[PDB]
Amino acid sequence: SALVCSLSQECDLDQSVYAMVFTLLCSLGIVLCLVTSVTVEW
C-alpha cells in the first residue's frame, strides 16, 4: 500500500501510515513469547 472512529480494521482500506497496527502485532508477539517460555518451564 505504501508503494504509491475514522479508520477501520481488517480490510484493504488504503489507510494512512499503519505503524500502530504493526506495533500492536509486535507487542502481542513479544508477550506471547514470554508466556510460552514461562508455561513450558513451569
* Asked: Mean residue ellipticity at 222 nm from the helices of the chain, using -39,500 (n - 2.57) per DSSP H segment of n ≥ 4 over the full residue count, to the nearest 500 deg cm²/dmol?
  -> -19000 deg cm²/dmol
* Listing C11, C33, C5 from the residue with the fewest other Cβ atoms within 10 Å to the one with the most, what is the order? -> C5, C11, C33
* Asked: Please state the Cα pair-distance histogram of the chain with 5 angstrom bins from zero: what percent is in each bin?
  -> 5, 17, 20, 16, 13, 10, 8, 7, 4, 0
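Taken together, the values in this text are just the output of simple stated rules run on the coordinates, not laboratory data. Heads up, the Cβs are rebuilt from the backbone with ideal geometry, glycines too, and the neighbour counts pull from every protein chain shown.
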